[PDB]
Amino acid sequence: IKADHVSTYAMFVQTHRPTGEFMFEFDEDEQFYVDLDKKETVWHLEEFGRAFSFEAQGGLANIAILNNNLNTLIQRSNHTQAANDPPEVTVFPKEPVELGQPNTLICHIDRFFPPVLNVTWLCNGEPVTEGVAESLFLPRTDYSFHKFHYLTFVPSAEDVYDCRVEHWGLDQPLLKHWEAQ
């Protein structure tokens, strides 16, 4: 389809966590989503939050309909469960790497289904729980998903990083290794 720009509402519901998601993307970047627990719209940038509004109830109503469709389709398909498609994993810095200069490590997990994941950052073999963030499960046009995990850090000659990823399509946990150079 020919277009200058693509604006997409994407949503899913599933039996496992996370059980639901409602989001809007513009040219493949997530602009906002509805937090289904808090029942409120969350904007990706303060730029959008100040200029735009969205009634979160619109998202909540569509989720409920999607859930009914799930229930209907579990039966009609004779409980058809999809194959687990394993993710490709890449690790890369946000900024050019300079020892002593704050940066962000990005772990990108791509082309996987279902949207069920375990992700852990490791520094010198030990789990990091501070300075971490993550995107939503982002949709792909092939109906698989991708996701970003983030870690703020100060590059050094001493430290070593791994992005540890678990998914049902993998035989074992996958580690992607990163070092400052």
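Start at 1 and count along the sequence shown; that's the residue number.
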*May I ask you to compare 107-115 and 94-102 by their mean CA B factor in the entry and name the higher one?*
94-102
*Once you work out the mean C-alpha B-factor for both 159-167 and 6-14 from the entry, which is higher?*
159-167
*Out of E55, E134, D29, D142, which residue has the highest Cα temperature factor in the PDB record?*
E55
*Quick one: which of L138, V42, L36, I63 shows the highest Cα temperature factor in the PDB entry?*
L36
*Ranked by Cα temperature factor within the chain, is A82 in the lowest third, the middle third or the highest third?*
middle
*Name the third of the chain's ranked CA B-factors that contains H149, choosing lowest, middle or highest.*
middle
